Amino acid sequence: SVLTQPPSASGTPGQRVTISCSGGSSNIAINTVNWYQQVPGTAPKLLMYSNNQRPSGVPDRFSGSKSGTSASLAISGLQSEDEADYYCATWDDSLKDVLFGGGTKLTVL
Amino acid sequence: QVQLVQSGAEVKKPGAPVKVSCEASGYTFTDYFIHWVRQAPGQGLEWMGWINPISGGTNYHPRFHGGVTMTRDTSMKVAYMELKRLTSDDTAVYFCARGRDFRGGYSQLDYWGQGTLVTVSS
Amino acid sequence: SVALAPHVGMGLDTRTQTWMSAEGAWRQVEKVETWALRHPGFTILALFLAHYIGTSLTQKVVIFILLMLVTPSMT
Amino acid sequence: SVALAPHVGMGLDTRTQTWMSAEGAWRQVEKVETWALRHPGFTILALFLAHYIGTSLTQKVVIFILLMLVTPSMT
Amino acid sequence: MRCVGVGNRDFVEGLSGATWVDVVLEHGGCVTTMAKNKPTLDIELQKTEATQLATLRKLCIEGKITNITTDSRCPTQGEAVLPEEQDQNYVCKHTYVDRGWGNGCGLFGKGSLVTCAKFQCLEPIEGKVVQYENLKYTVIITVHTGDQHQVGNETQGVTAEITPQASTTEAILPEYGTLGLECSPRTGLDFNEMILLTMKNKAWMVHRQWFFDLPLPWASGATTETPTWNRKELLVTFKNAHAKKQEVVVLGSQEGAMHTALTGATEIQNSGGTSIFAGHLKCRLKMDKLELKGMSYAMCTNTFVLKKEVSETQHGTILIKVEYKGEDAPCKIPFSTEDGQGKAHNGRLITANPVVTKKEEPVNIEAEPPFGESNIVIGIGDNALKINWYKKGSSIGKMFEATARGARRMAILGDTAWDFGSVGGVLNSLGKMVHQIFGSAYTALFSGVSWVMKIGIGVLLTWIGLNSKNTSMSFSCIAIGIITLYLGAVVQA
Amino acid sequence: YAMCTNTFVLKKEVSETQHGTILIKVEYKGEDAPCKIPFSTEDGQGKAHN
Ligand SMILES: *[C@@H]1O[C@H](CO)[C@@H](O[C@@H]2O[C@H](CO)[C@@H](O[C@@H]3O[C@H](CO)[C@@H](O)[C@H](O)[C@@H]3O)[C@H](O)[C@H]2NC(C)=O)[C@H](O)[C@H]1NC(C)=O
Ligand SMILES: *[C@@H]1O[C@H](CO)[C@@H](O[C@@H]2O[C@H](CO)[C@@H](O[C@@H]3O[C@H](CO)[C@@H](O)[C@H](O)[C@@H]3O)[C@H](O)[C@H]2NC(C)=O)[C@H](O)[C@H]1NC(C)=O
Ligand SMILES: *[C@@H]1O[C@H](CO)[C@@H](O[C@@H]2O[C@H](CO)[C@@H](O)[C@H](O)[C@H]2NC(C)=O)[C@H](O)[C@H]1NC(C)=O
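Residue numbers (the authors' numbering), protein chains in the order written: chain L, 2 to 110; chain H, 1 to 122; chain D, 1 to 75; chain F, 1 to 75; chain C, 1 to 493; chain A, 297 to 346.
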């Protein structure tokens, strides 16, 4: 299989918006998902270095987990500086390669 | 600190091999991975292949076996990737990232460099 | 380690083939064969033991075949 | 390897310790013993086979020990 | 119809008193059943899903020794302890080292030393047990309606799922009546001593007794994020160099080790819950309510054309795809078989009474012609059709193939194999009891003994019977030996 | 009491007791009056009472 996540829009007032990542029975349903956000034009940083563990990203407002075949991320208190493209990447074990997603154009008003 | 210089961006012509150097110092380079993820303009970034500096071979993405090659040296702690064939398709900036050897950490790309950029034209 | 003692004969019979029937059908005999080709020395000892313990023909041949099977496997 | 033919008994030994001696000393033996305690059914057949083959207690004992040892190690 | 030329499907004919026929539904294969007057039908088992699993004894097939510590004590001063000894994550042993004035101890001799290390786990391989409460089988029954898109089609049919609680089930058919199933899942495959083992994206079924004796670290399987692993010493290995110091290694990962180990296990593809394939199940067919569906219909007289050429299967079965001409009545196509220059009807029509429900869509008529020359007639008119076909097989060859198939079925299904075509009778029950006693004796006596040992023991037993004067013992042991050869040759499949 | 005339259903599975005995727990959904539970044992390919 292959993962596909949708691009979506949001607003600068704080609200829970869910970046859902959908996969299959061999790539993400058994393995740890990894969440990336990139400021456009430069090197993406890592947002979640485990399934639900953040190394140094904006704390207490970026938290998410995965359920079965789906992984999701939740952001709270999203302001304008959070304008970024969000990536979910999971390790595929059947094809012995990591499976990066197409990308979300998360625009915040 | 630990970082990757990734040398400087260079652009060439089709039908010739180009090289992208990628040095990461500041830590024991042997244990950790190098991933070489490509990123196209206005497109999502896809990962291609690991290189274990100590004993590792190329494990490219299925799209890219026989399209790229990866080498490394342990003394200078640098990983080399070169493009054996430049078509019109590969017009993007190629990255480096440190990866863990954990099964849950194959996608663990904690640190990234600047990003060496290469485009092809006449 | 765990690589030893497969449950080849575990007896949970099924119609479809197993995980690795093709290799596992012959891997043990392959090990014995490659061990024998590597080391010819044990053949003389096995022949000597069988000849000087085997009272009859059948006893001698059984002793020889068992000795030639056990040692490569016990290696 | 397939971990079925350990690099043992090559003769090129030295005072220094091997890669793994404390465990490889008893690995194969423990496999045989856990097999035997798990499945006693083969013991009856081995006893019969050793007993009805031409019987001098030397022959019976060696046949029984070999036959009970070979099947576990080489399944 | 669904079962045409697939997995050596057979046809079990005949019905007992009150019309129950016993059938064991081997998975990966299927059966068809003709009747005295009732329409034939084929049953195939598939997708024996098992849901709502429970996890116990998750093992660990990799290590990562992160923190290492050591301590020494002078000779004749007791064993040197280490503060990092009583934690629930450290594994170590005591070894002896020689100490001198060059090492800081005044007394010469052998001294104690320890080297303890924390043991992170990586890549756990969880073990899952299945309970009979949530188990579900699924058998698809297809009637021989002779549809255009019915041959070899895995989609057509009606699902009649069965559970170990509700054993009985009545499959509803489209205007054919009800079929009564009395299958018993508590026999056949036994999941009480079978444990599903899932690692990475692959799964397996291993006998429970064998799933605790394979040497690896194991844990409670409570997924509490801090598993305190029992028997950590087995994976980590200490090496002591020539006297002197002591160091610790990790011994890599056991991935391919486990993949090699599970040689005799089957495969169970788990995507949602688990979908255990390679199953086995015994069934009973209460066939009272099977309408022939063609009692009122009449034998039409219009001509018939065929779409594709006559074709046969592996068995004695030919598949004919005929089409009906310009008469609007949905009729009952008659059928007959003829010989070369004479007129003799012997070819059995394997399917039910074929009926052309609609003018446009063809019907797939399949039947069993006799050996040798065969002529086929597809109507009452002089110019209906003539299908001449030559069958290759011979009667003795057919009997030999049937005996081979029966022996193969007996090898896998064992004591319950008598139930496959069993029609209620004393002789089948007597053979069932006798073979059950003998099979219990045989499996108990040969348990875990592999195929090469089976064939060796068999040939040795045959020889010991070939050189004996005790006649009764000779024949008993030679029979056991021949059976042993056959089981050794057939096993692994 | 009278004998029941409606259906039964298993709330929980059956299980042995290392003595050759079963514990079948049955719920009676039929709204009718308290009735004696009918029982019979069907042997293999036989109607005999064992
Ligand atoms: C092995 O399998 C992989 C896929 O699993 C094959 O990768 C395929 O590679 C071709 C060319 O390298 C890709 O075509 C490209 O598609 C993009 C889509 O936007 C298009 O824009 C390009 O112009 C180009 O046509 C193809 O998509 C890709 N398949 C994928 C990614 O699923 C690979 O070629 C195989 N190797 C063999 C057969 O030796
Ligand atoms: C196995 O059985 C399925 C189930 O019927 C078969 O699928 C069927 O396929 C045919 C054509 O391939 C469909 O015919 C339909 O005809 C109408 C009118 O001409 C047209 O409008 C439709 O677009 C379609 O072509 C039929 O509906 C379809 N049955 C369904 C969907 O239930 C299948 O062909 C059989 N064989 C195999 C090998 O699967
Ligand atoms: C056991 O090993 C761990 C491995 O990291 C050590 O933890 C480090 O301790 C040093 C000393 O203070 C710190 O500077 C590091 O930041 C620690 N690393 C981590 C990841 O915590 C330490 O030697 C031991 N840890 C114990 C005993 O808890």
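In this text, a Cβ means the ideal position worked out from N, Cα and C, and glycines have one as well.
{"query": "Under a CB-based cut-off of 8 Å, is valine 236 of chain C close to chain D?", "result": "no"}
{"query": "Where the beta carbon is closer than 5 Å to any heavy atom of ligand 1, which residues qualify, in chain order?", "result": "H:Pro62, H:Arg63"}
{"query": "With DSSP as the reference, identify every bridge partner of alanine 50 of chain C, one or two as the case may be.", "result": "C:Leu135, C:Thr274"}
{"query": "Can you tell me which of C:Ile276, C:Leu113, C:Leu25 puts its alpha carbon nearest to the alpha carbon of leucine 53 of chain C?", "result": "C:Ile276"}
{"query": "Exposed or buried, which one is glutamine 314 of chain C when buried takes at least 16 other CB atoms within 10 Å?", "result": "exposed"}
{"query": "My parser needs the beta strand (DSSP E) runs of 3 or more residues fully inside the region 11–38 of chain H; what are they?", "result": "18–25"}
{"query": "Could you please go through the chain and list the residues whose beta-carbon is closer than 6 Å to any non-hydrogen atom of ligand 2?", "result": "C:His149, C:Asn153, C:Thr155, C:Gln156"}
{"query": "Measure the C-alpha to C-alpha separation of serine 21 of chain F and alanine 241 of chain C and round it to an integer number of angstroms.", "result": "11 Å"}
{"query": "Using the Cα positions of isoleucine 195 of chain C and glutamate 62 of chain C, report the straight-line distance between them to the nearest angstrom.", "result": "22 Å"}
{"query": "Whole angstroms are fine: how far does the CA of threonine 40 of chain C sit from the CA of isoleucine 172 of chain C?", "result": "15 Å"}
{"query": "Would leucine 107 of chain L and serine 9 of chain L be called neighbours here (beta carbons separated by less than 8 Å)?", "result": "yes"}
{"query": "Which runs of the beta strand (DSSP E) spanning at least 3 residues fall entirely within the region 25–76 of chain C, listed in chain order?", "result": "30–33, 41–45, 48–50, 68–72"}
{"query": "Sorted by chain position, which residues of the same chain lie with C-beta nearer than 8 Å to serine 440 of chain C's C-beta, five sequence neighbours on each side aside?", "result": "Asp415"}
{"query": "Mind pulling the chain C residues with CB within less than 8 Å of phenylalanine 64 of chain H?", "result": "Within 8 Å Cβ-Cβ: nothing; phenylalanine 64 of chain H doesn't reach chain C, min ~23 Å."}
{"query": "My guess is that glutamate 126 of chain C and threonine 198 of chain C are in contact by the Cβ rule of under 8 Å, so how many angstroms apart are they, rounded?", "result": "6 Å"}
{"query": "How long is the line joining the alpha carbons of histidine 35 of chain H and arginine 98 of chain H, rounded to whole angstroms?", "result": "7 Å"}
{"query": "Which residue from C:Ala166, C:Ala352, C:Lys58, C:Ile365 puts its Cα closest to that of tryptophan 218 of chain C?", "result": "C:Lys58"}
{"query": "What residues does ligand 3 have around it, judged by CB closer than 6 Å to any heavy atom, in chain order?", "result": "C:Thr66, C:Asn67"}
{"query": "Would you say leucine 69 of chain F faces chain C, with C-beta separation under 8 Å as the test?", "result": "no"}
{"query": "Closer than 7 Å to a non-hydrogen atom of ligand 4 - does that hold for the CB of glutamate 46 of chain H?", "result": "As presented, the structure is devoid of ligand 4, carrying ligand 1, ligand 2 and ligand 3 as its sole ligands."}
{"query": "Can you tell which of C:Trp204, C:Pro362, C:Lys325, C:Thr19 has the C-alpha that lies nearest to the C-alpha of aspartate 288 of chain C?", "result": "C:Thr19"}
{"query": "Could you pull the DSSP bridge partners for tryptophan 36 of chain L from this structure?", "result": "L:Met49, L:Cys89"}
{"query": "Residues in the region 116–142 of chain C with C-beta within 7 Å of chain H's C-beta atoms, listed in sequence order?", "result": "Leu122, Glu123"}
{"query": "For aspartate 22 of chain C and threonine 317 of chain C, what's the separation of their Cα atoms in angstroms?", "result": "23 Å"}
{"query": "Evaluate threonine 75 of chain F with the Cβ neighbour count: other Cβ atoms within 10 Å of its Cβ, from every protein chain shown; 16 or more gives buried, anything less gives exposed.", "result": "buried"}
{"query": "Between which two residues does the beta strand (DSSP E) holding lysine 289 of chain C run?", "result": "Careful: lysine 289 of chain C lies outside any beta strand (DSSP E) and carries neither H nor E."}
{"query": "Given that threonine 18 of chain D touches chain C, what residues does it touch there, using C-beta distances under 7 Å?", "result": "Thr263, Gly264, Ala265, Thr266, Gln492"}
{"query": "Can you give me, in chain order, the residues of the region 298–309 of chain A that have a beta carbon less than 7 Å from any beta carbon in chain C?", "result": "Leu306, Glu309"}
{"query": "Which parts of the region 297–356 of chain C are runs of the beta strand (DSSP E), unbroken and 3 residues or longer, counting only runs that do not cross its ends?", "result": "304–306, 318–324, 336–338"}
{"query": "Residues in its own chain within less than 7 Å of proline 6 of chain F by CB, not counting five upstream and five downstream?", "result": "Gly24"}
{"query": "Please classify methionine 10 of chain F as buried or exposed, where buried requires at least 16 other C-beta atoms within 10 Å of its C-beta.", "result": "exposed"}
{"query": "For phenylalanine 108 of chain C, collect the residues of the same chain with a Cβ closer than 6 Å to its Cβ; drop the 5 residues on either side in sequence, then sort them by chain order.", "result": "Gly100"}
{"query": "Per DSSP, what are the beta-bridge partners of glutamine 59 of chain D in this structure?", "result": "DSSP output for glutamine 59 of chain D lists no bridge partner at all."}
{"query": "How is the alpha helix (DSSP H) around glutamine 209 of chain C delimited, first residue to last?", "result": "208–211"}
{"query": "Taking all protein chains shown into account, do 16 or more other C-beta atoms lie within 10 angstroms of the C-beta of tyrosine 390 of chain C, making it buried, or fewer, making it exposed?", "result": "exposed"}
{"query": "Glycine 102 of chain L versus chain H: which residues are under 7 Å apart at the beta carbon?", "result": "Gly44"}
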